[PDB]
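Chemist: Got a file for you: input-v3.pdb, PDB, C-alpha atoms (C1' of nucleotides).
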```pdb
ATOM      1  CA  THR A   1     154.399 141.362 188.794  1.00  0.00           C
ATOM      2  CA  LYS A   2     153.209 142.112 185.186  1.00  0.00           C
ATOM      3  CA  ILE A   3     150.771 145.044 184.650  1.00  0.00           C
ATOM      4  CA  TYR A   4     148.826 145.704 181.424  1.00  0.00           C
ATOM      5  CA  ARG A   5     147.317 149.098 180.568  1.00  0.00           C
ATOM      6  CA  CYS A   6     144.236 148.056 178.588  1.00  0.00           C
ATOM      7  CA  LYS A   7     142.062 150.655 176.833  1.00  0.00           C
ATOM      8  CA  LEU A   8     138.588 149.558 175.863  1.00  0.00           C
ATOM      9  CA  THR A   9     136.845 151.154 172.825  1.00  0.00           C
ATOM     10  CA  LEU A  10     133.132 150.436 172.254  1.00  0.00           C
ATOM     11  CA  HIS A  11     132.494 149.080 168.737  1.00  0.00           C
ATOM     12  CA  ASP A  12     128.805 148.826 169.518  1.00  0.00           C
ATOM     13  CA  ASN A  13     126.574 150.267 172.260  1.00  0.00           C
ATOM     14  CA  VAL A  14     126.889 148.690 175.806  1.00  0.00           C
ATOM     15  CA  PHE A  15     123.898 148.287 178.152  1.00  0.00           C
ATOM     16  CA  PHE A  16     123.794 147.190 181.807  1.00  0.00           C
ATOM     17  CA  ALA A  17     120.503 147.543 183.769  1.00  0.00           C
ATOM     18  CA  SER A  18     122.308 149.442 186.558  1.00  0.00           C
ATOM     19  CA  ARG A  19     119.217 151.421 187.652  1.00  0.00           C
ATOM     20  CA  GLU A  20     115.578 151.531 186.474  1.00  0.00           C
ATOM     21  CA  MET A  21     113.046 154.405 186.734  1.00  0.00           C
ATOM     22  CA  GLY A  22     109.726 153.884 184.924  1.00  0.00           C
ATOM     23  CA  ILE A  23     110.227 153.451 181.154  1.00  0.00           C
ATOM     24  CA  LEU A  24     114.010 154.193 181.511  1.00  0.00           C
ATOM     25  CA  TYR A  25     116.799 151.663 182.266  1.00  0.00           C
ATOM     26  CA  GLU A  26     120.366 153.056 182.511  1.00  0.00           C
ATOM     27  CA  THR A  27     124.046 152.101 182.526  1.00  0.00           C
ATOM     28  CA  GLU A  28     126.619 153.377 185.035  1.00  0.00           C
ATOM     29  CA  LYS A  29     129.661 155.105 183.476  1.00  0.00           C
ATOM     30  CA  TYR A  30     132.169 152.682 185.091  1.00  0.00           C
ATOM     31  CA  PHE A  31     132.494 149.031 184.032  1.00  0.00           C
ATOM     32  CA  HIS A  32     132.443 146.890 187.200  1.00  0.00           C
ATOM     33  CA  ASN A  33     135.479 144.722 187.752  1.00  0.00           C
ATOM     34  CA  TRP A  34     133.721 141.405 187.997  1.00  0.00           C
ATOM     35  CA  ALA A  35     131.865 141.984 184.694  1.00  0.00           C
ATOM     36  CA  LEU A  36     135.168 142.704 182.913  1.00  0.00           C
ATOM     37  CA  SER A  37     136.883 139.720 184.621  1.00  0.00           C
ATOM     38  CA  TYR A  38     134.400 137.322 183.077  1.00  0.00           C
ATOM     39  CA  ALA A  39     134.520 139.205 179.743  1.00  0.00           C
ATOM     40  CA  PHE A  40     138.322 138.642 179.615  1.00  0.00           C
ATOM     41  CA  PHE A  41     138.697 135.180 181.176  1.00  0.00           C
ATOM     42  CA  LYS A  42     135.402 133.218 180.823  1.00  0.00           C
ATOM     43  CA  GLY A  43     135.917 130.232 178.492  1.00  0.00           C
ATOM     44  CA  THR A  44     139.746 130.676 178.707  1.00  0.00           C
ATOM     45  CA  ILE A  45     139.974 130.180 182.532  1.00  0.00           C
ATOM     46  CA  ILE A  46     136.555 130.347 184.236  1.00  0.00           C
ATOM     47  CA  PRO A  47     134.039 127.812 182.950  1.00  0.00           C
ATOM     48  CA  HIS A  48     131.186 128.973 180.586  1.00  0.00           C
ATOM     49  CA  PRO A  49     128.153 126.645 180.963  1.00  0.00           C
ATOM     50  CA  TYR A  50     125.738 127.438 178.121  1.00  0.00           C
ATOM     51  CA  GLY A  51     122.675 126.404 180.204  1.00  0.00           C
ATOM     52  CA  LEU A  52     121.397 126.971 183.746  1.00  0.00           C
ATOM     53  CA  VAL A  53     118.412 125.508 185.595  1.00  0.00           C
ATOM     54  CA  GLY A  54     117.373 125.823 189.189  1.00  0.00           C
ATOM     55  CA  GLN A  55     118.602 128.013 191.944  1.00  0.00           C
ATOM     56  CA  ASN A  56     121.784 128.316 189.981  1.00  0.00           C
ATOM     57  CA  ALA A  57     119.870 130.121 187.285  1.00  0.00           C
ATOM     58  CA  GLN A  58     119.101 133.233 189.300  1.00  0.00           C
ATOM     59  CA  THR A  59     121.763 133.184 192.123  1.00  0.00           C
ATOM     60  CA  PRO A  60     125.256 134.467 191.395  1.00  0.00           C
ATOM     61  CA  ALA A  61     128.345 132.285 191.850  1.00  0.00           C
ATOM     62  CA  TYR A  62     130.782 135.134 192.229  1.00  0.00           C
ATOM     63  CA  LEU A  63     132.786 133.937 195.154  1.00  0.00           C
ATOM     64  CA  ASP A  64     131.424 130.387 195.745  1.00  0.00           C
ATOM     65  CA  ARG A  65     133.978 127.586 195.263  1.00  0.00           C
ATOM     66  CA  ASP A  66     131.142 125.086 195.030  1.00  0.00           C
ATOM     67  CA  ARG A  67     130.026 126.488 191.665  1.00  0.00           C
ATOM     68  CA  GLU A  68     131.819 126.668 188.353  1.00  0.00           C
ATOM     69  CA  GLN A  69     131.366 130.327 187.442  1.00  0.00           C
ATOM     70  CA  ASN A  70     133.614 131.674 190.155  1.00  0.00           C
ATOM     71  CA  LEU A  71     135.924 134.639 189.987  1.00  0.00           C
ATOM     72  CA  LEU A  72     138.116 132.713 192.410  1.00  0.00           C
ATOM     73  CA  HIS A  73     139.574 130.628 189.712  1.00  0.00           C
ATOM     74  CA  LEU A  74     141.441 133.801 188.861  1.00  0.00           C
ATOM     75  CA  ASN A  75     142.789 134.239 192.358  1.00  0.00           C
ATOM     76  CA  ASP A  76     144.507 130.936 191.725  1.00  0.00           C
ATOM     77  CA  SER A  77     145.608 131.952 188.273  1.00  0.00           C
ATOM     78  CA  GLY A  78     147.209 134.997 189.768  1.00  0.00           C
ATOM     79  CA  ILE A  79     145.264 137.585 187.847  1.00  0.00           C
ATOM     80  CA  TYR A  80     143.221 140.699 188.826  1.00  0.00           C
ATOM     81  CA  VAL A  81     141.391 143.205 186.600  1.00  0.00           C
ATOM     82  CA  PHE A  82     140.534 146.586 188.156  1.00  0.00           C
ATOM     83  CA  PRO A  83     137.273 148.333 187.349  1.00  0.00           C
ATOM     84  CA  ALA A  84     137.097 150.657 184.284  1.00  0.00           C
TER      85      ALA A  84
ATOM     86  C1'   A B   1     125.043 133.374 186.845  1.00  0.00           C
ATOM     87  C1'   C B   2     129.441 139.740 182.796  1.00  0.00           C
ATOM     88  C1'   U B   3     125.019 145.596 187.054  1.00  0.00           C
ATOM     89  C1'   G B   4     124.046 138.296 184.036  1.00  0.00           C
ATOM     90  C1'   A B   5     120.740 134.329 180.943  1.00  0.00           C
ATOM     91  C1'   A B   6     116.140 135.414 176.071  1.00  0.00           C
ATOM     92  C1'   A B   7     114.762 140.679 174.087  1.00  0.00           C
ATOM     93  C1'   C B   8     111.416 143.948 166.382  1.00  0.00           C
ATOM     94  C1'   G B   9     109.040 151.195 168.840  1.00  0.00           C
ATOM     95  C1'   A B  10     105.661 147.536 166.448  1.00  0.00           C
ATOM     96  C1'   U B  11     101.018 147.240 163.735  1.00  0.00           C
ATOM     97  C1'   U B  12      97.962 150.195 159.600  1.00  0.00           C
ATOM     98  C1'   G B  13      97.963 154.184 156.205  1.00  0.00           C
ATOM     99  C1'   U B  14      97.768 156.772 148.117  1.00  0.00           C
ATOM    100  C1'   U B  15     100.969 163.759 148.974  1.00  0.00           C
ATOM    101  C1'   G B  16      95.791 163.548 148.299  1.00  0.00           C
ATOM    102  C1'   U B  17      91.532 166.176 145.979  1.00  0.00           C
ATOM    103  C1'   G B  18      90.144 169.987 141.058  1.00  0.00           C
ATOM    104  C1'   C B  19      92.458 172.307 137.000  1.00  0.00           C
ATOM    105  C1'   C B  20      91.833 173.406 128.711  1.00  0.00           C
ATOM    106  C1'   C B  21      99.209 176.148 127.592  1.00  0.00           C
ATOM    107  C1'   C B  22      94.804 179.132 127.414  1.00  0.00           C
ATOM    108  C1'   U B  23      93.185 183.819 124.522  1.00  0.00           C
ATOM    109  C1'   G B  24      94.026 186.595 119.153  1.00  0.00           C
ATOM    110  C1'   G B  25      96.232 186.146 114.264  1.00  0.00           C
ATOM    111  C1'   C B  26      94.586 186.294 106.068  1.00  0.00           C
ATOM    112  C1'   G B  27     101.256 183.085 103.946  1.00  0.00           C
ATOM    113  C1'   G B  28     100.191 188.255 103.011  1.00  0.00           C
ATOM    114  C1'   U B  29     101.506 191.839  99.222  1.00  0.00           C
ATOM    115  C1'   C B  30     102.749 193.102  93.435  1.00  0.00           C
ATOM    116  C1'   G B  31     103.017 190.412  88.733  1.00  0.00           C
ATOM    117  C1'   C B  32      99.892 190.375  80.713  1.00  0.00           C
ATOM    118  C1'   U B  33     102.369 183.281  79.264  1.00  0.00           C
ATOM    119  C1'   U B  34     104.775 187.706  77.157  1.00  0.00           C
ATOM    120  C1'   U B  35     107.776 189.011  72.630  1.00  0.00           C
ATOM    121  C1'   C B  36     107.843 187.780  66.270  1.00  0.00           C
ATOM    122  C1'   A B  37     105.280 185.163  62.531  1.00  0.00           C
ATOM    123  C1'   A B  38     101.587 185.979  55.096  1.00  0.00           C
ATOM    124  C1'   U B  39      97.923 179.503  54.793  1.00  0.00           C
ATOM    125  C1'   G B  40     102.178 180.434  51.727  1.00  0.00           C
ATOM    126  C1'   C B  41     104.382 179.008  46.862  1.00  0.00           C
ATOM    127  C1'   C B  42     102.047 177.604  40.747  1.00  0.00           C
ATOM    128  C1'   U B  43      97.533 176.602  37.938  1.00  0.00           C
TER     129        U B  43
END
```
Take the structure I supplied and represent it as structure tokens, if you would.
Modeler:
Amino acid sequence: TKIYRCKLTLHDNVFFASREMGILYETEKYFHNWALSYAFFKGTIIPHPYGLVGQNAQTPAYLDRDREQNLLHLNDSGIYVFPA
RNA sequence: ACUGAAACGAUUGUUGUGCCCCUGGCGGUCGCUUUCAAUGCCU
């Protein structure tokens, strides 16, 4: 129902390790939706555990109801960010 | 797990070494301490 046109201005340099070739690591020119969804709603809606240990420390929880860092909380909040 | 979690292009290094503000130069030239004067007056 509501739609928000949000324009993002970088106030310091942004890095994502999108691809790697030798000494060079580089960032794709589109911000992925799921990265922005946690940037907007983690701590406010999605939980933000400061620590991890175990399999949970190197396995995503993107769409796993059994884990706290889900993007599915937002399906239930009725919210969806698009990619940038 | 935001293509995620942590993330020093760093460490060391003398703008250095030699160098005469040097050489030449007459404070010089001209200039009368000058001009006038009773050892005097009386015995």
Chemist: Restrict the calculation to all atoms listed in the file, then for each residue of chain B with any atom at most 9 Å from an atom of chain A give the closest atom pair and their distance in Å to one decimal, rows by chain and rising residue number, as a tab-separated table.
Modeler:
```
residue	atom	partner	partner_atom	distance
B:1	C1'	A:60	CA	4.7
B:2	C1'	A:35	CA	3.8
B:3	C1'	A:18	CA	4.7
B:4	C1'	A:60	CA	8.4
B:5	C1'	A:57	CA	7.7
```
Chemist: How would the residues just chosen look if you wrote them out with C-alpha atoms (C1' of nucleotides) as a PDB file, in the frame of the given file?
Modeler:
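part-v8.pdb written:
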```pdb
ATOM      1  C1'   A B   1     125.043 133.374 186.845  1.00  0.00           C
ATOM      2  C1'   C B   2     129.441 139.740 182.796  1.00  0.00           C
ATOM      3  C1'   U B   3     125.019 145.596 187.054  1.00  0.00           C
ATOM      4  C1'   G B   4     124.046 138.296 184.036  1.00  0.00           C
ATOM      5  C1'   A B   5     120.740 134.329 180.943  1.00  0.00           C
TER       6        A B   5
END
```
Chemist: If you measure from atom CA of residue 83 of chain A to atom CA of residue 64 of chain A, what distance in Å do you get, rounded to one decimal?
Modeler: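 According to the coordinates, atom CA of residue 83 of chain A and atom CA of residue 64 of chain A are separated by 20.7 Å.
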Chemist: Rounded to one decimal, what separation in Å do you get between atom CA of residue 75 of chain A and atom CA of residue 45 of chain A?
Modeler: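 About the pair atom CA of residue 75 of chain A and atom CA of residue 45 of chain A: they are 11.0 Å apart.
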Chemist: By how many Å are atom CA of residue 80 of chain A and atom CA of residue 7 of chain A apart?
Modeler: 15.6 Å
Chemist: Using only the atoms of segment 11-30 of chain A listed in the file, plus 5 Å on each side, state the axis-aligned box centre and edge lengths in Å rounded to one decimal, as lines of an AutoDock Vina configuration file.
Modeler:
```
center_x = 121.1
center_y = 151.1
center_z = 178.2
size_x = 32.8
size_y = 17.9
size_z = 28.9
```
Chemist: Could I see segment 27-51 of chain A restored to N, CA, C and O atoms, set down as a short mmCIF file (atom, residue, chain, number, x, y, z; two decimals), in the frame of the given file?
Modeler:
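Writing the result to rebuild-v1.cif gives the following:
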```cif
data_model
loop_
_atom_site.label_atom_id
_atom_site.label_comp_id
_atom_site.auth_asym_id
_atom_site.auth_seq_id
_atom_site.Cartn_x
_atom_site.Cartn_y
_atom_site.Cartn_z
N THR A 27 122.72 152.69 182.37
CA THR A 27 124.05 152.10 182.53
C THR A 27 124.96 153.04 183.29
O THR A 27 125.14 154.19 182.89
N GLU A 28 125.60 152.58 184.36
CA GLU A 28 126.62 153.38 185.04
C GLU A 28 127.86 153.59 184.16
O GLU A 28 128.25 152.74 183.37
N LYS A 29 128.53 154.72 184.33
CA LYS A 29 129.66 155.10 183.48
C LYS A 29 130.99 154.46 183.87
O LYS A 29 132.03 154.90 183.41
N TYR A 30 130.99 153.44 184.71
CA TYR A 30 132.17 152.68 185.09
C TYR A 30 131.86 151.21 184.87
O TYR A 30 130.84 150.75 185.36
N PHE A 31 132.70 150.46 184.16
CA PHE A 31 132.49 149.03 184.03
C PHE A 31 133.00 148.32 185.28
O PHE A 31 134.18 148.40 185.59
N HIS A 32 132.11 147.64 185.99
CA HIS A 32 132.44 146.89 187.20
C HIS A 32 133.47 145.79 186.95
O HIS A 32 133.46 145.11 185.92
N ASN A 33 134.38 145.63 187.89
CA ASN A 33 135.48 144.72 187.75
C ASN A 33 135.08 143.34 187.45
O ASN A 33 135.62 142.79 186.56
N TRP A 34 134.09 142.79 188.12
CA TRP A 34 133.72 141.40 188.00
C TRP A 34 133.11 141.12 186.62
O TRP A 34 133.43 140.11 186.02
N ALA A 35 132.37 142.07 186.05
CA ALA A 35 131.86 141.98 184.69
C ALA A 35 132.99 141.91 183.66
O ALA A 35 132.94 141.09 182.75
N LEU A 36 134.04 142.71 183.83
CA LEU A 36 135.17 142.70 182.91
C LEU A 36 136.00 141.46 183.12
O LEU A 36 136.49 140.96 182.18
N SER A 37 136.14 140.93 184.31
CA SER A 37 136.88 139.72 184.62
C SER A 37 136.31 138.49 183.93
O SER A 37 137.05 137.71 183.34
N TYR A 38 135.00 138.40 183.82
CA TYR A 38 134.40 137.32 183.08
C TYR A 38 134.48 137.63 181.58
O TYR A 38 134.66 136.76 180.78
N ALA A 39 134.34 138.86 181.15
CA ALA A 39 134.52 139.21 179.74
C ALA A 39 135.91 138.86 179.18
O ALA A 39 136.01 138.40 178.05
N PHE A 40 136.97 139.03 179.97
CA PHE A 40 138.32 138.64 179.62
C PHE A 40 138.59 137.15 179.75
O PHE A 40 139.20 136.57 178.84
N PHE A 41 138.17 136.50 180.83
CA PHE A 41 138.70 135.18 181.18
C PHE A 41 137.68 134.04 181.19
O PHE A 41 138.07 132.89 181.39
N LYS A 42 136.40 134.28 180.94
CA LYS A 42 135.40 133.22 180.82
C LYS A 42 135.58 132.47 179.51
O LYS A 42 135.81 133.08 178.47
N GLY A 43 135.54 131.15 179.56
CA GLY A 43 135.92 130.23 178.49
C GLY A 43 137.42 129.92 178.44
O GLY A 43 137.80 128.77 178.26
N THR A 44 138.29 130.90 178.64
CA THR A 44 139.75 130.68 178.71
C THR A 44 140.19 130.09 180.05
O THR A 44 141.04 129.22 180.08
N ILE A 45 139.61 130.56 181.16
CA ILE A 45 139.97 130.18 182.53
C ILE A 45 138.74 129.75 183.31
O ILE A 45 138.66 128.61 183.77
N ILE A 46 137.74 130.63 183.44
CA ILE A 46 136.56 130.35 184.24
C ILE A 46 135.68 129.52 183.33
O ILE A 46 135.73 129.73 182.16
N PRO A 47 134.96 128.53 183.83
CA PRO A 47 134.04 127.81 182.95
C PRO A 47 132.87 128.63 182.37
O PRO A 47 132.51 129.57 183.05
N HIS A 48 132.31 128.27 181.20
CA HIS A 48 131.19 128.97 180.59
C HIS A 48 130.06 128.00 180.26
O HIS A 48 129.96 127.58 179.10
N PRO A 49 129.25 127.55 181.23
CA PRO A 49 128.15 126.64 180.96
C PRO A 49 127.12 127.34 180.10
O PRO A 49 126.63 128.39 180.47
N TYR A 50 126.75 126.80 178.95
CA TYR A 50 125.74 127.44 178.12
C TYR A 50 124.37 127.50 178.79
O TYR A 50 123.68 128.51 178.64
N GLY A 51 123.97 126.48 179.54
CA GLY A 51 122.68 126.40 180.20
C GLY A 51 122.75 126.50 181.71
O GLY A 51 123.72 126.09 182.34
#
```
